[PDB]
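Input: a single structure, listed below in structure tokens.
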Amino acid sequence: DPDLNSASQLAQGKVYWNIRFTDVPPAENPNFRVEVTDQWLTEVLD
Amino acid sequence: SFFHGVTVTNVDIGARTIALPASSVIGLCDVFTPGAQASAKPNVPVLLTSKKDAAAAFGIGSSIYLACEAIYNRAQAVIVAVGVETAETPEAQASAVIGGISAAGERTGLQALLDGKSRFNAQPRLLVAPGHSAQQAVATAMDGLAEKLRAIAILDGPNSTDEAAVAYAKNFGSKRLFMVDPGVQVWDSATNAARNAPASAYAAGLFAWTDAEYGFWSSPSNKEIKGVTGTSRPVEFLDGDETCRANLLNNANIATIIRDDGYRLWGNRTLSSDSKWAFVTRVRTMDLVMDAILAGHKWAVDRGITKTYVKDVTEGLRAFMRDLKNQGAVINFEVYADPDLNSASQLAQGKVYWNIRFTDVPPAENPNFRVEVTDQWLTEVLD
Amino acid sequence: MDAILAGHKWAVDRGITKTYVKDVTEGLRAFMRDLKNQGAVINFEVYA
């Protein structure tokens with residue numbers, strides 16, 4: 339820790355470490371967004 | 002020491018595979034007389050797979066076996082038949098086909114087709130009530146049933162003139178309704194004469210046949226009906242004229258049965274208000290690639306959003322659409338995880354989004370030719 | 291114009307795939323190529 343490791347905190351024996359992490363969320367809702375287009379319809383020409 | 006010994010783990014991080022839900026189960030509902038020879042209870046669904054199986058459960062004289070005979074003579078597919086007992090008035094027969102729920106807590110009429118997947122694992126994709134769909138009460142009940150099942154409810158209009166067919170087809174406006182107006186004149190083996198069939202089970206044999214012959218992305222709108230020996234009120238389709246009597250019914254989103262004594266279905270438009278869902282082929286493939294993704298991804302409901310999970314759902318989704326492209330169902334596709342919708346706030350709730358964009362194969366309902374006599378290669382006659 | 295109309299009634303619901311536009315034109319060039327060496331036309335150009 340840059341801020342919590344002060345000179346007054348270190349002189350009392352306290353020394354702080356930050357452990358930030360992001361866990362793996364359970365994929366409780368996979369959404370699928372299906373759509374019919376006409377975008378690749380001109381690919382039937384050659 | 003977490004463990005002193007040999008661990009052998011199965012990491013289970015592969016991309017899975019997706020199968021289609023068979024696309025051809027036919028939901029049937031007509032009348033039959035229960036007795037000694039009809040071995041089915043008058044509201045339970047019966048799974049029928051053969052013509053010998055339909056006569057053993059309903060009898061030969063039943064009006065629902067004549068709908069199985071219309072299907073099994075053309076194709077060979079699964080039929081979830083319901084069957085009802087013959088009511089007194091023709092008005093009270095419509096309230097038995099619609100059904101609803103009973104005092105015993107059981108679905109009775111057309112609603113019993115919703116039990117077609119919980120009991121037989123075969124959800125009906127074609128909804129046919131032959132002869133009763135000509136009433137507006139039954140055909141509105143079959144439209145709401147067709148969205149619960151993601152099915153194509155094949156209607157049939159009245160056998161009156163074409164003004165009574167346009168005025169009947171103007172009531173619906175739903176993309177899961179397919180109407181075949183002119184009544185099939187078919188041979189009756191009980192009275193030894195040509196009776197008028199409702200011509201709705203005969204189109205159901207065509208939908209069940211093109212899935213086994215050409216695939217579920219092919220409209221049945223040029224294929225042939227087998228048992229038909231004529232059409233009541235014969236429609237006109239002469240040469241190429243865009244003002245024929247049968248073409249004016251396809252312009253009103255009604256399929257017809259055109260040729261000399263009725264051997265061609267004609268029309269691939271459903272009764273949709275949007276021009277996007279106009280073709281039956283586009284509605285049929287969309288309801289098939291959305292029930293294959295839904296039933297094929299029930300392994301991924303608590304797998305944990307890792308990098309090898311989002312990458313190995315997409316690779317199992319790109320490979321499913323790639324197996325549809327070279328099969329002939331889609332033309333091209335684009336499957337990708339959603340960049341904007343997969344926010345860090347949505348991912349932290351368990352929601353993770355995928356986009357599946359594709360184009361169906363549209364039925365070539367109007368192949369135009371542009372012939373011209375020119376003089377461009379006329380100087381080629383010099384050597 | 292009456293041989294093309296009566297000879298393409300198989301293609302009125304076949305579904306537009308890449309093997310359909312390629313194989314209507316392949317049967318349409320062969321109709322004109324067999325009409326060219328027969329002597330009815332001089333040259334042609336069939337294309338989508």
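Protein chains in written order, with the UniProt record's numbering: chain A, 339 to 384; chain B, 2 to 384; chain C, 291 to 338. All C-beta atoms, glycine included, are put in the ideal place defined by N, C-alpha and C.
Check                                                                                                                      : Outcome
Continuous beta strand (DSSP E) stretch holding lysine 352/B: start and end                                                : 352-361
Minimum Cβ-Cβ distance from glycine 263/B to chain C less than 9 Å                                                         : no
Cβ shell of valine 26/B (< 8 Å), same chain only, five flanking positions each side left out                               : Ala78, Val79, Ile80, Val81, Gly117, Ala123, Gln124, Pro125, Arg126, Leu127
Inter-residue spacing [alpha-carbon to alpha-carbon] between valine 290/B and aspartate 313/B                              : 19 Å
Min CB distance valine 382/A to chain C below 9 Å                                                                          : yes
Residue(s) in a DSSP beta bridge with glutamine 186/B                                                                      : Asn197/B
Cβ shell of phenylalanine 33/B (< 8 Å), same chain only, five flanking positions each side left out                        : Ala39, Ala41, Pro43, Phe59, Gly60, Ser63, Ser64, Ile65, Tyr66, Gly84, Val85, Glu86, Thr87
Cβ-Cβ distance between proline 363/A and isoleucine 306/B below 9 Å                                                        : yes
Euclidean distance between Cα positions of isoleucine 19/B and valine 311/C                                                : 30 Å
Reduced DSSP secondary structure (H/G/I, E/B, other) of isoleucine 102/B                                                   : strand
Whole-angstrom distance between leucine 342/B and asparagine 248/B, CA atom to CA atom                                     : 45 Å
Spatial neighbours of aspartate 144/B in its chain, beta-carbon cut-off 8 Å, leaving aside the 5 residues before and after : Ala154, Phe173, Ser175, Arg177, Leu178
Extent of the continuous alpha helix (DSSP H) to which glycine 297/C belongs                                               : 292-297
Cβ neighbours of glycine 228/B in the same chain (closer than 6 Å, five flanking residues each side left out)              : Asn74, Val187
The stretch 352-363 of chain B touching the stretch 368-378 of chain A, judged by at least three CB pairs closer than 8 Å  : yes
For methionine 180/B, the residue or residues it bridges with in DSSP                                                      : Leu156/B
Near-chain A residues of the stretch 308-325 of chain C - C-beta to any C-beta below 7 Å                                   : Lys308, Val311
Whole-angstrom distance between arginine 196/B and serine 190/B, CA atom to CA atom                                        : 10 Å
Proximity below 9 Å, CB of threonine 257/B to CB of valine 181/B                                                           : yes
Segment contact flag, the stretch 313-326 of chain B with the stretch 294-309 of chain C, C-beta cutoff 8 Å, min 3 pairs   : no
Contact the stretch 132-144 of chain B vs the stretch 97-108 of chain B: 3+ CB pairs below 8 Å                             : yes
Neighbour flag for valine 81/B against chain C, beta carbons, 9 Å                                                          : no
Neighbourhood of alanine 293/B by C-beta, 8 Å cutoff - its chain only, sequence neighbours within 5 removed                : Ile19, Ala20, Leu21, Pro22, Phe321
Continuous alpha helix (DSSP H) assignments of at least 4 residues falling wholly in the stretch 262-292 of chain B        : 281-290
Cross-chain neighbours of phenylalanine 359/A in chain B, by beta carbon under 9 Å                                         : Within chain B, no residue comes near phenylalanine 359/A; the closest Cβ sits about 13 Å away, beyond 9 Å.
Cβ neighbours of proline 235/B in the same chain (closer than 7 Å, five flanking residues each side left out)              : none
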